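Chemist: Please find coords.cif (mmCIF, C-alpha atoms) on the next line:
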```cif
data_my_file
#
loop_
_atom_site.group_PDB
_atom_site.id
_atom_site.type_symbol
_atom_site.label_atom_id
_atom_site.label_comp_id
_atom_site.auth_asym_id
_atom_site.auth_seq_id
_atom_site.Cartn_x
_atom_site.Cartn_y
_atom_site.Cartn_z
ATOM 1 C CA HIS A 487 216.041 139.681 74.725
ATOM 2 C CA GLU A 488 216.922 139.706 71.010
ATOM 3 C CA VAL A 489 213.625 138.179 69.941
ATOM 4 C CA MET A 490 211.600 140.546 72.066
ATOM 5 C CA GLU A 491 213.434 143.719 71.139
ATOM 6 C CA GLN A 492 214.811 143.721 67.598
ATOM 7 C CA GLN A 493 212.043 141.496 66.102
ATOM 8 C CA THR A 494 214.707 139.533 64.221
ATOM 9 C CA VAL A 495 216.553 136.265 64.528
ATOM 10 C CA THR A 496 220.120 135.904 63.267
ATOM 11 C CA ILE A 497 221.297 132.328 63.038
ATOM 12 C CA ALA A 498 225.024 131.939 62.532
ATOM 13 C CA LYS A 499 226.003 128.317 62.573
ATOM 14 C CA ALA A 500 228.794 126.792 60.518
ATOM 15 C CA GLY A 501 226.562 126.413 57.510
ATOM 16 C CA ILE A 502 225.283 129.889 56.589
ATOM 17 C CA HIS A 503 224.786 132.972 58.729
ATOM 18 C CA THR A 504 221.335 134.456 57.945
ATOM 19 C CA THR A 505 218.910 137.150 59.198
ATOM 20 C CA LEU A 506 215.066 137.010 59.130
ATOM 21 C CA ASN A 507 211.851 138.497 60.627
ATOM 22 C CA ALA A 508 209.374 137.424 63.337
ATOM 23 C CA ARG A 509 207.196 140.062 65.091
ATOM 24 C CA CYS A 510 205.263 137.740 67.408
ATOM 25 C CA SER A 511 203.137 138.496 70.476
ATOM 26 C CA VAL A 512 204.292 136.710 73.646
ATOM 27 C CA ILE A 513 202.526 135.765 76.886
ATOM 28 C CA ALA A 514 204.355 134.158 79.800
ATOM 29 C CA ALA A 515 203.293 132.909 83.240
ATOM 30 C CA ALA A 516 205.617 132.549 86.213
ATOM 31 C CA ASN A 517 205.444 131.865 89.958
ATOM 32 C CA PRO A 518 207.044 133.917 92.738
ATOM 33 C CA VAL A 519 210.467 132.716 93.975
ATOM 34 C CA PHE A 520 209.269 130.897 97.078
ATOM 35 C CA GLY A 521 205.802 130.508 98.430
ATOM 36 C CA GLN A 522 203.121 133.151 98.327
ATOM 37 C CA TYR A 523 205.305 136.065 99.524
ATOM 38 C CA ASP A 524 204.422 138.334 96.672
ATOM 39 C CA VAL A 525 203.901 141.609 98.586
ATOM 40 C CA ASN A 526 205.474 140.670 101.889
ATOM 41 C CA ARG A 527 209.229 140.976 101.237
ATOM 42 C CA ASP A 528 209.811 143.794 98.695
ATOM 43 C CA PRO A 529 208.197 144.685 95.341
ATOM 44 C CA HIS A 530 211.522 144.148 93.693
ATOM 45 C CA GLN A 531 212.858 140.707 92.756
ATOM 46 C CA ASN A 532 210.017 138.510 93.943
ATOM 47 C CA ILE A 533 210.756 136.668 90.693
ATOM 48 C CA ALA A 534 214.578 136.802 90.389
ATOM 49 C CA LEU A 535 214.571 137.612 86.687
ATOM 50 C CA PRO A 536 217.158 139.712 84.810
ATOM 51 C CA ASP A 537 216.699 143.462 85.099
ATOM 52 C CA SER A 538 216.367 144.119 81.371
ATOM 53 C CA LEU A 539 213.426 141.747 81.147
ATOM 54 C CA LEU A 540 211.481 144.151 83.394
ATOM 55 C CA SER A 541 211.719 146.871 80.809
ATOM 56 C CA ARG A 542 211.264 144.336 77.979
ATOM 57 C CA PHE A 543 207.789 143.227 79.106
ATOM 58 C CA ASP A 544 204.836 145.574 78.868
ATOM 59 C CA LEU A 545 202.497 144.538 81.678
ATOM 60 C CA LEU A 546 203.351 142.799 84.932
ATOM 61 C CA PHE A 547 200.415 141.503 86.875
ATOM 62 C CA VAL A 548 200.678 140.745 90.556
ATOM 63 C CA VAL A 549 197.835 138.495 91.617
ATOM 64 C CA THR A 550 196.959 137.958 95.241
ATOM 65 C CA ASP A 551 194.748 135.304 96.874
ATOM 66 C CA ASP A 552 192.867 137.685 99.113
ATOM 67 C CA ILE A 553 190.466 135.756 101.390
ATOM 68 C CA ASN A 554 187.019 137.299 101.985
ATOM 69 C CA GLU A 555 183.476 136.071 101.994
ATOM 70 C CA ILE A 556 181.422 137.781 99.277
ATOM 71 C CA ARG A 557 184.192 136.723 96.969
ATOM 72 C CA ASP A 558 184.238 133.277 98.551
ATOM 73 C CA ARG A 559 180.583 132.694 97.942
ATOM 74 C CA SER A 560 180.776 134.048 94.402
ATOM 75 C CA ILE A 561 183.684 131.720 93.626
ATOM 76 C CA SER A 562 181.673 128.907 95.059
ATOM 77 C CA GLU A 563 178.564 129.411 92.933
ATOM 78 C CA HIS A 564 180.621 130.122 89.835
ATOM 79 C CA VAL A 565 182.643 126.923 89.967
ATOM 80 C CA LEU A 566 179.729 124.932 91.299
ATOM 81 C CA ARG A 567 177.244 125.870 88.630
ATOM 82 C CA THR A 568 180.173 125.504 86.248
ATOM 83 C CA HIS A 569 180.081 121.819 86.843
ATOM 84 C CA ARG A 570 176.483 121.730 85.748
ATOM 85 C CA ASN B 174 152.158 99.256 127.990
ATOM 86 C CA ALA B 175 155.096 101.657 127.752
ATOM 87 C CA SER B 176 157.625 98.912 128.418
ATOM 88 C CA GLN B 177 155.961 96.668 125.840
ATOM 89 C CA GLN B 178 155.280 99.136 123.065
ATOM 90 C CA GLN B 179 156.700 98.975 119.542
ATOM 91 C CA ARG B 180 159.244 101.245 117.966
ATOM 92 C CA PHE B 181 159.116 103.105 114.657
ATOM 93 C CA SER B 182 161.919 105.142 113.143
ATOM 94 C CA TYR B 183 161.558 108.104 110.851
ATOM 95 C CA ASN B 184 163.503 108.333 107.627
ATOM 96 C CA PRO B 185 163.952 111.812 106.123
ATOM 97 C CA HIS B 186 164.669 110.288 102.748
ATOM 98 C CA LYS B 187 161.577 108.079 102.489
ATOM 99 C CA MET B 188 159.361 110.135 104.871
ATOM 100 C CA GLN B 189 158.053 106.919 106.361
ATOM 101 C CA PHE B 190 158.509 104.549 109.308
ATOM 102 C CA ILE B 191 160.086 101.077 109.457
ATOM 103 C CA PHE B 192 159.523 97.802 111.392
ATOM 104 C CA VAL B 193 162.137 98.516 114.083
ATOM 105 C CA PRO B 194 161.904 95.595 116.498
ATOM 106 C CA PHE B 207 169.187 95.418 128.381
ATOM 107 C CA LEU B 208 170.402 99.034 128.317
ATOM 108 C CA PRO B 209 170.304 101.161 125.149
ATOM 109 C CA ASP B 210 173.202 102.217 122.916
ATOM 110 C CA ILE B 211 175.073 105.402 122.146
ATOM 111 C CA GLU B 212 173.891 105.481 118.532
ATOM 112 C CA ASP B 213 170.394 105.694 119.930
ATOM 113 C CA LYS B 214 171.339 108.743 122.037
ATOM 114 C CA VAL B 215 172.730 110.417 118.969
ATOM 115 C CA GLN B 216 169.700 109.575 116.752
ATOM 116 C CA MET B 217 167.384 110.830 119.586
ATOM 117 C CA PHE B 218 167.545 114.550 118.875
ATOM 118 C CA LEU B 219 167.821 113.870 115.186
ATOM 119 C CA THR B 220 164.394 112.214 115.114
ATOM 120 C CA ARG B 221 162.679 115.160 116.868
ATOM 121 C CA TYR B 222 164.006 117.712 114.407
ATOM 122 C CA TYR B 223 163.061 115.591 111.406
ATOM 123 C CA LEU B 224 159.524 114.990 112.727
ATOM 124 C CA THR B 225 159.156 118.737 113.202
ATOM 125 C CA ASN B 226 160.685 119.127 109.729
ATOM 126 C CA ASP B 227 157.896 117.127 108.077
ATOM 127 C CA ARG B 228 155.397 119.107 110.188
ATOM 128 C CA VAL B 229 156.808 122.312 108.735
ATOM 129 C CA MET B 230 156.502 121.030 105.164
ATOM 130 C CA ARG B 231 152.803 120.369 105.718
ATOM 131 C CA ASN B 232 152.314 124.067 106.660
ATOM 132 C CA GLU B 233 154.021 125.114 103.377
ATOM 133 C CA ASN B 266 159.592 132.668 103.932
ATOM 134 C CA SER B 267 161.454 129.435 103.274
ATOM 135 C CA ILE B 268 163.641 126.621 104.736
ATOM 136 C CA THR B 269 167.456 126.852 104.913
ATOM 137 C CA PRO B 270 170.000 125.401 107.368
ATOM 138 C CA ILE B 271 172.422 127.336 109.578
ATOM 139 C CA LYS B 272 175.663 126.552 107.673
ATOM 140 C CA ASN B 273 174.250 128.090 104.500
ATOM 141 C CA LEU B 274 173.716 131.441 106.219
ATOM 142 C CA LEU B 275 177.029 131.406 107.989
ATOM 143 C CA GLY B 276 178.449 130.338 104.621
ATOM 144 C CA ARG B 277 177.180 133.642 103.338
ATOM 145 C CA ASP B 278 177.937 137.005 104.804
ATOM 146 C CA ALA B 279 175.096 139.291 103.790
ATOM 147 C CA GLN B 280 171.346 139.251 103.669
ATOM 148 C CA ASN B 281 167.335 137.683 106.218
ATOM 149 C CA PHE B 282 165.830 134.392 107.285
ATOM 150 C CA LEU B 283 163.442 132.772 109.786
ATOM 151 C CA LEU B 284 165.709 130.034 111.043
ATOM 152 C CA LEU B 285 164.456 126.873 112.834
ATOM 153 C CA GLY B 286 166.404 125.382 115.742
ATOM 154 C CA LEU B 287 166.948 124.506 119.417
ATOM 155 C CA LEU B 288 167.603 127.365 121.883
ATOM 156 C CA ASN B 289 170.593 125.986 123.678
ATOM 157 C CA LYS B 290 173.305 127.857 125.487
ATOM 158 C CA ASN B 291 177.044 127.108 125.616
ATOM 159 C CA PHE B 292 178.666 130.077 127.342
ATOM 160 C CA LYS B 293 177.706 133.329 129.111
ATOM 161 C CA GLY B 294 175.774 135.400 126.591
ATOM 162 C CA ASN B 295 176.371 132.561 124.102
ATOM 163 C CA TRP B 296 172.740 131.540 123.367
ATOM 164 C CA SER B 297 173.244 129.029 120.555
ATOM 165 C CA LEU B 298 170.771 127.585 118.068
ATOM 166 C CA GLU B 299 171.165 124.140 116.597
ATOM 167 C CA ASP B 300 170.041 122.213 113.513
ATOM 168 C CA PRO B 301 171.893 119.165 112.026
ATOM 169 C CA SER B 302 174.348 121.374 110.108
ATOM 170 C CA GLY B 303 176.045 123.776 112.503
ATOM 171 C CA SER B 304 175.684 126.221 115.379
ATOM 172 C CA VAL B 305 175.168 129.962 115.610
ATOM 173 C CA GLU B 306 175.124 132.451 118.437
ATOM 174 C CA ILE B 307 171.834 134.213 118.874
ATOM 175 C CA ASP B 308 171.109 137.593 120.428
ATOM 176 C CA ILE B 309 167.911 139.178 121.659
ATOM 177 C CA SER B 310 169.256 142.736 121.770
ATOM 178 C CA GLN B 311 166.164 144.988 121.815
ATOM 179 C CA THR B 312 163.719 142.354 120.649
ATOM 180 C CA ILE B 313 159.925 142.639 120.913
ATOM 181 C CA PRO B 314 158.783 139.043 120.309
ATOM 182 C CA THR B 315 155.260 137.744 120.327
ATOM 183 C CA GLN B 316 153.217 136.866 123.381
ATOM 184 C CA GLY B 317 154.004 133.214 122.939
ATOM 185 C CA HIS B 318 152.882 130.210 124.920
ATOM 186 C CA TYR B 319 156.131 129.675 126.853
ATOM 187 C CA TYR B 320 159.515 130.504 125.314
ATOM 188 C CA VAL B 321 161.841 128.091 127.117
ATOM 189 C CA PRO B 322 165.287 126.705 126.390
ATOM 190 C CA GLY B 323 165.431 123.205 124.991
ATOM 191 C CA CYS B 324 162.585 124.181 122.630
ATOM 192 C CA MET B 325 162.552 124.248 118.812
ATOM 193 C CA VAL B 326 161.513 127.815 117.888
ATOM 194 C CA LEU B 327 161.513 130.264 114.966
ATOM 195 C CA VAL B 328 163.364 133.590 114.934
ATOM 196 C CA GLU B 329 163.733 136.103 112.118
ATOM 197 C CA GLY B 330 166.671 138.441 111.600
ATOM 198 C CA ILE B 331 170.063 138.855 109.915
ATOM 199 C CA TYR B 332 173.392 137.016 110.239
ATOM 200 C CA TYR B 333 175.952 139.873 110.039
ATOM 201 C CA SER B 334 179.113 137.706 110.121
ATOM 202 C CA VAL B 335 181.237 140.781 111.023
ATOM 203 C CA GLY B 336 180.611 140.089 114.687
ATOM 204 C CA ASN B 337 179.143 136.709 113.779
ATOM 205 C CA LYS B 338 176.068 137.386 115.924
ATOM 206 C CA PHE B 339 172.683 136.366 114.493
ATOM 207 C CA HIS B 340 170.011 138.895 115.450
ATOM 208 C CA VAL B 341 166.380 138.293 116.440
ATOM 209 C CA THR B 342 163.429 140.363 115.283
ATOM 210 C CA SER B 343 160.778 138.330 117.082
ATOM 211 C CA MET B 344 160.687 134.968 118.750
ATOM 212 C CA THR B 345 157.697 132.905 117.741
ATOM 213 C CA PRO C 647 197.524 125.898 101.521
ATOM 214 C CA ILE C 648 193.904 125.972 100.468
ATOM 215 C CA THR C 649 192.930 126.878 96.928
ATOM 216 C CA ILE C 650 189.875 126.156 94.943
ATOM 217 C CA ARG C 651 191.778 123.098 93.659
ATOM 218 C CA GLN C 652 191.127 121.654 97.094
ATOM 219 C CA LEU C 653 187.384 121.964 96.361
ATOM 220 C CA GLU C 654 188.165 120.317 93.081
ATOM 221 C CA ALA C 655 189.670 117.427 94.937
ATOM 222 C CA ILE C 656 186.684 117.083 97.324
ATOM 223 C CA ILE C 657 184.193 117.077 94.531
ATOM 224 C CA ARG C 658 185.732 114.237 92.516
ATOM 225 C CA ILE C 659 185.692 111.608 95.213
ATOM 226 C CA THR C 660 181.926 111.822 95.112
ATOM 227 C CA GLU C 661 181.782 110.565 91.620
ATOM 228 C CA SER C 662 184.355 107.886 92.332
ATOM 229 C CA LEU C 663 182.157 106.231 94.916
ATOM 230 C CA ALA C 664 179.289 106.920 92.549
ATOM 231 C CA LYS C 665 181.166 104.978 89.898
ATOM 232 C CA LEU C 666 181.116 102.122 92.368
ATOM 233 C CA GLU C 667 177.360 102.454 92.730
ATOM 234 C CA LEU C 668 177.098 102.639 88.903
ATOM 235 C CA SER C 669 174.153 105.150 89.279
ATOM 236 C CA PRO C 670 174.005 108.259 87.089
ATOM 237 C CA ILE C 671 173.142 110.827 89.701
ATOM 238 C CA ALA C 672 174.681 111.926 92.967
ATOM 239 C CA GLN C 673 173.038 112.109 96.331
ATOM 240 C CA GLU C 674 173.273 114.050 99.558
ATOM 241 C CA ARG C 675 174.301 111.180 101.767
ATOM 242 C CA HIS C 676 176.423 109.668 99.030
ATOM 243 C CA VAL C 677 178.577 112.826 98.786
ATOM 244 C CA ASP C 678 178.946 113.915 102.386
ATOM 245 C CA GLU C 679 181.188 110.867 103.266
ATOM 246 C CA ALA C 680 183.937 112.557 101.316
ATOM 247 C CA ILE C 681 183.922 115.497 103.732
ATOM 248 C CA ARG C 682 185.161 113.157 106.471
ATOM 249 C CA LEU C 683 187.884 111.728 104.289
ATOM 250 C CA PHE C 684 189.157 115.086 103.091
ATOM 251 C CA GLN C 685 188.896 116.798 106.413
ATOM 252 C CA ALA C 686 191.066 114.024 107.791
ATOM 253 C CA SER C 687 193.672 114.807 105.218
ATOM 254 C CA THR C 688 193.922 118.562 105.751
ATOM 255 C CA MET C 689 193.398 119.232 109.423
ATOM 256 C CA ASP C 690 196.704 117.458 109.934
ATOM 257 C CA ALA C 691 198.075 119.944 107.402
ATOM 258 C CA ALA C 692 196.827 123.049 109.201
ATOM 259 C CA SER C 693 197.459 121.811 112.731
ATOM 260 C CA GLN C 716 193.493 139.625 132.570
ATOM 261 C CA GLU C 717 194.810 137.422 135.399
ATOM 262 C CA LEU C 718 196.532 134.818 133.166
ATOM 263 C CA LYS C 719 197.953 137.402 130.724
ATOM 264 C CA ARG C 720 199.542 139.725 133.310
ATOM 265 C CA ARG C 721 200.339 136.867 135.717
ATOM 266 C CA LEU C 722 201.838 134.021 133.661
ATOM 267 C CA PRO C 723 202.528 134.769 129.955
ATOM 268 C CA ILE C 724 203.577 131.141 129.413
ATOM 269 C CA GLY C 725 200.406 130.296 131.378
ATOM 270 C CA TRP C 726 201.710 127.009 132.799
ATOM 271 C CA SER C 727 201.228 126.188 136.522
ATOM 272 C CA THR C 728 198.940 129.203 137.104
ATOM 273 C CA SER C 729 195.691 127.256 136.594
ATOM 274 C CA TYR C 730 192.834 126.159 138.933
ATOM 275 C CA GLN C 731 195.097 124.949 141.724
ATOM 276 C CA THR C 732 197.194 128.117 141.665
ATOM 277 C CA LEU C 733 194.296 130.233 140.374
ATOM 278 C CA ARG C 734 192.088 128.888 143.182
ATOM 279 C CA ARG C 735 194.922 129.701 145.586
ATOM 280 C CA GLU C 736 195.529 133.240 144.249
ATOM 281 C CA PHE C 737 191.818 134.115 144.199
ATOM 282 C CA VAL C 738 191.379 132.369 147.589
ATOM 283 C CA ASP C 739 194.142 134.489 149.128
ATOM 284 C CA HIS C 741 186.029 135.994 147.014
ATOM 285 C CA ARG C 742 183.519 135.190 144.289
ATOM 286 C CA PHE C 743 185.271 132.107 142.907
ATOM 287 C CA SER C 744 183.482 128.773 143.318
ATOM 288 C CA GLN C 745 184.885 125.519 141.844
ATOM 289 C CA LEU C 746 181.662 125.052 139.903
ATOM 290 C CA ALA C 747 181.727 128.755 138.989
ATOM 291 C CA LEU C 748 185.398 128.306 138.091
ATOM 292 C CA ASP C 749 184.668 125.611 135.498
ATOM 293 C CA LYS C 750 181.649 127.592 134.253
ATOM 294 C CA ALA C 751 182.988 131.169 133.916
ATOM 295 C CA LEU C 752 186.381 129.867 132.862
ATOM 296 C CA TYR C 753 185.086 127.655 130.024
ATOM 297 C CA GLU C 759 189.697 134.943 123.444
ATOM 298 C CA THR C 760 192.568 133.834 125.623
ATOM 299 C CA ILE C 761 193.919 130.870 123.658
ATOM 300 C CA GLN C 762 196.088 130.120 126.682
ATOM 301 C CA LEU C 763 193.089 128.608 128.407
ATOM 302 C CA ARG C 764 192.449 126.400 125.340
ATOM 303 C CA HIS C 765 196.060 125.186 125.311
ATOM 304 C CA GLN C 766 196.079 124.793 129.104
ATOM 305 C CA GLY C 767 192.940 122.686 128.787
ATOM 306 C CA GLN C 768 194.762 120.505 126.288
ATOM 307 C CA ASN C 769 197.740 120.104 128.659
ATOM 308 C CA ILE C 770 197.438 121.581 132.208
ATOM 309 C CA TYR C 771 194.098 119.780 132.821
ATOM 310 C CA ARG C 772 195.504 116.300 133.428
ATOM 311 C CA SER C 773 198.670 117.964 134.679
ATOM 312 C CA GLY C 774 196.623 118.915 137.768
ATOM 313 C CA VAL C 775 197.751 122.548 137.972
#
```
Take the structure in the file and write it out as structure tokens.
Modeler:
Amino acid sequence: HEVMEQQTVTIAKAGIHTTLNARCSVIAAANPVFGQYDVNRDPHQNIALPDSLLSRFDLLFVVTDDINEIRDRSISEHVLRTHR
Amino acid sequence: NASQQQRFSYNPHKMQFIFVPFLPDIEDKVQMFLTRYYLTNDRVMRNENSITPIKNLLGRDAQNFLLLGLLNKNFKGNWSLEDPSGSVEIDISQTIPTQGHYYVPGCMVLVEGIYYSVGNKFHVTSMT
Amino acid sequence: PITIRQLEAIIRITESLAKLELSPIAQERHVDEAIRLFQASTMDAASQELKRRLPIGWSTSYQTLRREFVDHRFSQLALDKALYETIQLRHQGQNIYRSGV
């Protein structure tokens, strides 16, 4: 939370307490809590993360695995010609 | 002499025959229908609007092909067609086919139409 | 659960047997053997009368069905023909068939 919001890192160990700057860009990738129930239960807490991290992150993608056929064939020729 | 004749087997890979030689075997029964389709297959290649098996069209969902296969039937209204890669229900709903020799079941024919996997019913334009 | 990683698993066995053959290409017949081996590993992973008469469906088959209809278009041959998407008949076939009724 401190890294992502104040853009600073304060290290206070027994040697010397200091304060510096890091304004990094961060990308994370997590799974749902259990299984593929990403839209089934409730939109809230499918992750079981702290509440402040929701407002800390900018975009939250929810990716399904929707099964169809046009899509199925296109995935097939993409990965298949990918191997060649 | 029918009882004393030879035996030659077709190979789709080499497109040639081999030196083959009481009751027969099951493997023979299976390879029976396979040999007819492959002989007809080579006959189609000699007559040069393409060739594609049934699983490829059911593998797709949109369209448009003149499929080759055996007019069998499994259930009521369930007129199936069969090649060595799958089955597909065929329909003749409002079809004006040609004035063929004799369209009969148990015959390898050619029918044009679309798959339309929504109802999963292949349609026929004309039986030839 | 099927993903495209399952296709990724199917496709690599082909080259493994190809590595046995030591040949640089792949073939049609050399690859389709893998379909049998993979299908064996995942099918074990996946796996009006009837409906309003017996929801469970048990005991209401051809003996009882022949009785009910008997008590006028049903013929034993016609029975097995017309009878053959109520999944109850599928399951009954798997069980009730050798059960006799």
Chemist: Between CA of residue 177 (chain B) and CA of residue 209 (chain B), measure the distance and give it in Å to one decimal.
Modeler: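 Answer for the CA of residue 177 (chain B) to CA of residue 209 (chain B) separation: 15.0 Å.
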Chemist: Write out, as a Markdown table, each residue of chain C that has an atom at most 10 Å from chain B, together with the closest pair of atoms and their distance in Å to one decimal, counting all atoms listed in the file, rows going by chain and rising number.
Modeler:
```
| residue | atom | partner | partner_atom | distance |
| --- | --- | --- | --- | --- |
| C:674 | CA | B:186 | CA | 9.9 |
| C:675 | CA | B:186 | CA | 9.7 |
| C:750 | CA | B:292 | CA | 7.9 |
| C:751 | CA | B:293 | CA | 7.5 |
| C:752 | CA | B:292 | CA | 9.5 |
| C:753 | CA | B:292 | CA | 7.4 |
```
Chemist: Applied to the shown file, which residues does the PyMOL selection byres ((chain B) within 9 of (chain A)) return, written as a ChimeraX atom specification?
Modeler: /B:276-279
Chemist: When you count all atoms listed in the file, which of these residues is closest to chain A: C:688, C:673, C:744, C:649?
Modeler: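 Using all atoms listed in the file, the shortest distance to chain A belongs to C:649.
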Chemist: Please write the residues picked by the PyMOL selection byres ((chain C and resi 726) around 9) on this file as a list in words.
Modeler: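 In the shown coordinates, the PyMOL selection byres ((chain C and resi 726) around 9) covers residues 722, 723, 724, 725, 727, 728, 729, 762, 766, 769, 770 and 775 of chain C.
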Chemist: Evaluate the PyMOL selection byres ((chain A) within 9 of (chain C)) on the structure here and hand back the selected residues as a PDB file with C-alpha atoms, in the frame of the given file.
Modeler:
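Now in out-v7.pdb:
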```
ATOM      1  CA  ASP A 551     194.748 135.304  96.874  1.00  0.00           C
ATOM      2  CA  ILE A 561     183.684 131.720  93.626  1.00  0.00           C
ATOM      3  CA  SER A 562     181.673 128.907  95.059  1.00  0.00           C
ATOM      4  CA  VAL A 565     182.643 126.923  89.967  1.00  0.00           C
TER       5      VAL A 565
END
```
Chemist: Expressed in Å to a single decimal, how great is the separation between CA of residue 344 (chain B) and CA of residue 315 (chain B)?
Modeler: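 It comes out at 6.3 Å.
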